[PDB]
Amino acid sequence: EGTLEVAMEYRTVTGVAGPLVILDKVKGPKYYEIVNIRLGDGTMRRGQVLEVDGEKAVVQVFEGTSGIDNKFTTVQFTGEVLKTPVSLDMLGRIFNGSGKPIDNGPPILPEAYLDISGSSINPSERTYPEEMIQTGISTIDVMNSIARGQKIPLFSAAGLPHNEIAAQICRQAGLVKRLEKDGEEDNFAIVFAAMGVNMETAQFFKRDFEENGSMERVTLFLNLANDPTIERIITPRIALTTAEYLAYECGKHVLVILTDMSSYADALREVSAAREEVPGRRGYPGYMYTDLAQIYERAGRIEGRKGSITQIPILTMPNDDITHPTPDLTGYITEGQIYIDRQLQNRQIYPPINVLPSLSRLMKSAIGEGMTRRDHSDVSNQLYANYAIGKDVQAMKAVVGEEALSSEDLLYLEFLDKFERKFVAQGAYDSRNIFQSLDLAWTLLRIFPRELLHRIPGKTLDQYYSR
Amino acid sequence: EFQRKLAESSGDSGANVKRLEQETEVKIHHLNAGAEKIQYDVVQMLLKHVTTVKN
Amino acid sequence: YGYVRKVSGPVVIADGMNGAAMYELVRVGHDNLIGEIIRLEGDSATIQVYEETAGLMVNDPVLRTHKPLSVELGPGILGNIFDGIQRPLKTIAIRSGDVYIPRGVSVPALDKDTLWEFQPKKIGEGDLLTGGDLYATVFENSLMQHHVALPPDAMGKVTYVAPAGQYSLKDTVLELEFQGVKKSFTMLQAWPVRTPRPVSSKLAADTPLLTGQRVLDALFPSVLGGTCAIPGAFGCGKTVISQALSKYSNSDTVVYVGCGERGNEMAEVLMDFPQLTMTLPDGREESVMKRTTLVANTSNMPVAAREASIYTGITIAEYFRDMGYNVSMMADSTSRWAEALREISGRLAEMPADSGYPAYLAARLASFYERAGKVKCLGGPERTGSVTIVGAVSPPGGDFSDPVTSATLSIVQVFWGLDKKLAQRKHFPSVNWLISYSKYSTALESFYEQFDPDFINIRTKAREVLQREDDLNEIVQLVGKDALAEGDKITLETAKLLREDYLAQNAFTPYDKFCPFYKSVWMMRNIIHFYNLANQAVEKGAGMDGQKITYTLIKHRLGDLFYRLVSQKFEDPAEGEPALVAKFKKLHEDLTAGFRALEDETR
Amino acid sequence: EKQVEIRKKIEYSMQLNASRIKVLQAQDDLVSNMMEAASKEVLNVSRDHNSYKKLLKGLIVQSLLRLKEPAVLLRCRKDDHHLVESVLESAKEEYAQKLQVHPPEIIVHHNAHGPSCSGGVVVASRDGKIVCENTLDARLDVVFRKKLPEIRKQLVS
């Protein structure tokens, strides 16, 4: 505070293996101190100190390690942790992985520097997700709904249109309370962070956001596949810090779309392997759970502020499974799971969301008579049961023949057909009102007689079984 | 009707562009005035921080 | 004293320790982070930091404390929320206006300035007192008294006991003299987090848990001081069972220590339990926050804090059992705890074992679980109290081959194995009755006999019916119900009725919010009596047909009794036992009228 | 017609983005003017010859205390080299007073050109492995970086 000290500059780069430069004969080395590397050519890269030991210190480099020499490579210890500048002007701009602006504009004029991995929120100050946001997609709205401050990861496999449905959610997300909801603060101020994305996907998201008229609202941090791998382990943290500043300290509802968390697990694997650490499941680092918790638990409404953070981190299973460590840990941590199945895609339904594997822990809070129809929970719990039992019936009929099925079996099969065709499918640009979705669900349910509707209570039946 | 609608849209777009240009000019003027007002104090503070050493 | 050498993740190697014993808590850096020793190599000692390690220097001072991980006990421990290292969260949020938890905050675990009322238990001057003797009682809050006891490592003659009145923890409420020297005692009591509290002798449990849910309390019971394990499932499990064990259980208090779980779920729990007006007393609606305690440590919390959270939770259980209450501790952790062990073991460069988990995982889980069990307390008066450990296991997506699951099942006595298939079908209590078990079924013989001398037989009959139905489900999956005879058909009808009436429960309505034992046993007896009478009728074969013809006869001309049986779940418990018992006795009489009236005209 | 009006809305949004980007770029240009003025003032500070020596002594003391190395090799501009040569052993005496250590064996030769230096010293250690750049131009752009949020907070209007 009194007087400053200009950062030291070294040259003792005694070891360079992969993405790690191993400095030596260093003094006063901070942990996670951000370093500046000036090569012999004069280009400047930026790195981080993964480990400090005695006089040595191991430094990973974001922009790669394609030119370091033991003689000329200068490294400089800034003596501080990462601090991404943040300002209200950060809305409506597109950025590189580490925060450098790529919109041909000027660099951010900061309102303040906020250290990455922001300060932990005391649980005695959080509040449960109260309000519900309308996702447009009917399957999400009727079962597995999303409340403000939720963490819903979309589970997908290679080739499925997870990016398309993410864009649809970004275009269609909005409040639901009594169908009443300018709303500039109600505008979700989407922060999109893409890691390891094919350039076509980045162009697609850019064009969709530009066309939807949200270019003055959304914000993009991109870490393309050709871009250096290490920046993928910083980009989501930068995005979450920016979201935290835009929501908690500015009072804007914020929505976050982390893309290809498997492309983040890959960065974790590369870093862990480069350090010769003890591996975990499938060779992933033993602390992948801690990192995923640190990257997910930074969303949720806060009591003292009017803001909120609701993130939808999409995920790509490697071989289309769940036992893989990354989707498994994500399911452990996150409060939801939306499943996109290859079977539905093979049958050509644009939203391939398999409603049976789906789950939302906070579903019972978002719905209710105060903000939804009183029958919403009943309707959902019945459709789920009939779909599950009908699927069992279809599996049985696959071996016993269509003739051996009973009348209830035929009813269940017809319910499955109309559910997978008329209900799940929805337009790529057409939304569905929550009440319209419930009306469609009731039309699907009324195939069965009143006797078979075991889950639905008679009180809700009287007001809805006829309509 | 369509020709009238497109003509009205073009007129509204031109009006919005002119309003944006005027607002931009006003903003630039305000920022330049503030910078001119506060430049000397800013530079004095910067030099005071630079030109001090402790121990 | 000592200085840092190496900083990698949460593992810090500080040189110059020399005489620094294992698990001797040390304080690291200028920010003064808490931290426990994990390994030694000479003048240097490994430390776990329990906090973010970003910003540690080299030659940054580390101070030793000579004390292992210790949690501060005493009045006011109930109804609070503590971090894994036992920091009062609400105190931090109020004392510092910042909504965040600042790095390296130093706040006492219990407030040292609140005025507490002191009621000495007739202890006279010059009297002799000993470890755990209960010399004074303090009403921490209404409907939950807090006895004050001497620490187990204390004894002496009572030279001075403070009089009744308002006291604070900084004051000396009692004085003792022993072996020619005197010692003082305050209302605080610090205890190492490990090294469980001493017990005069353990005991064999006899009282059941009698939890709210019908399946748990009837099919797979647990005893007070028992040991359970659910697979930490959501929607079901971690929410409905937690609510039942917290607000609808006979345990005198609750200790929720669920760590390593979602932050939104923790906020929901911590915002819903404040109201939670459970009728724990006979005629009072006191909120259960005057009865429970949270040791919440979210997933984003430092990896090294999971074990600390678990052990502080079980230590708090012990303080209450020692006073006399039958505490029941629920741990949504032990799924993230195994991950914490893997992280620390790998970082400490330990050699992994089967499936990568540390070889000593079973030892740690045993050292945790075996602190359960009802126990005859220390000191005077004679007393008894118990601790229940209803832990968590990996969700039903992995088989029992999981090392954490195998280790738990090698120790845990009662397994409430929830199945994901039931969760898909939206069966909300979701206990799979084929794979669950309860080794306590033999000790509860006395209680079952005294409550109802015929419950064991009807329970065995229900188990046989369920097993028979699950057995012939495969045969039906091949051939179909065409070949099913009268006995098979009636068995499947009774199994379906049991599955949808008995084994289900909504828990969001007064019909199934809390099912007392009498109502559940009456449902079981009614269903089993119907099954037995129907089997006898179809075995009679009167009217030259009997059999499945008689089955259709009782399902059509006698189906009103069947509908009343399947609707018996809706008997409102608020009507009281003398009313519901009469209603069920009348239904039983009507059922006995059937299968005799049906046999009157020989079908 | 729908896509025409959608394209018109997109064009309006693009125009709004262009206007706001122009405003932001003008803001950055003003910040650059501020930095240029600060650099000019820093250069003007070198005109002094009495407090300038005290500042140089303070800078060399700070750097030598930060290195805490047995043998540094200070490098100073050819202009005002006389001032450094005059202060000489005063810095060594001050450092030896700071802690019970033998006086460093400083060495002072090649100098960078004035505008590159603009005052300040580069101290470094033997073999140049560890370098401390206490140039005035180096003290600036660090104070600037730290105080930039305060600058924006000062630029309310």
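The numbering of chain C matches Swiss-Prot: 21-623, in order.
Looks like electron microscopy, 4.1 Å, at least that's what the header says.
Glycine is no exception: its Cβ is also placed from the backbone N, Cα and C atoms.
The feature ATP binding site is assigned by Swiss-Prot to C:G252, C:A253, C:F254, C:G255, C:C256, C:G257, C:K258, C:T259, with sequence analysis given as support.
Annotated features taken from Swiss-Prot, shown on the structure.
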| residue | record | contacts (Cβ under 8 Å, 6+ apart) |
| --- | --- | --- |
| C:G252 | ATP binding site | C:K258, C:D352, C:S355, C:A412, C:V413, C:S414, C:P415 |
| C:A253 | ATP binding site | C:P415, C:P416, C:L438, C:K440, C:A443, C:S450 |
| C:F254 | ATP binding site | C:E285, C:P415 |
| C:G255 | ATP binding site | C:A443, C:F448 |
| C:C256 | ATP binding site | C:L438, C:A443, C:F448, C:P449, C:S450 |
| C:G257 | ATP binding site | C:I250, C:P251, C:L438, C:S450 |
| C:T259 | ATP binding site | none |
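For the ATP site, the Cβ centre of C:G252, C:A253, C:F254, C:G255, C:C256, C:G257, C:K258, C:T259 serves as reference, and the other residues of the chain with Cβ at most 8 Å from it are C:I250, C:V260, C:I261, C:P415, C:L438. In this view, C:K258 (ATP binding site) is surrounded by 24 other Cβ atoms within 10 Å of its Cβ, with every protein chain counted. Under the DSSP three-state reduction, C:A253 (ATP binding site) is assigned to coil, being neither helix nor strand. The subset of binding-site residues C:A253, C:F254, C:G255 lying near chain A, with Cβ atoms under 8 Å apart, consists of C:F254, C:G255.
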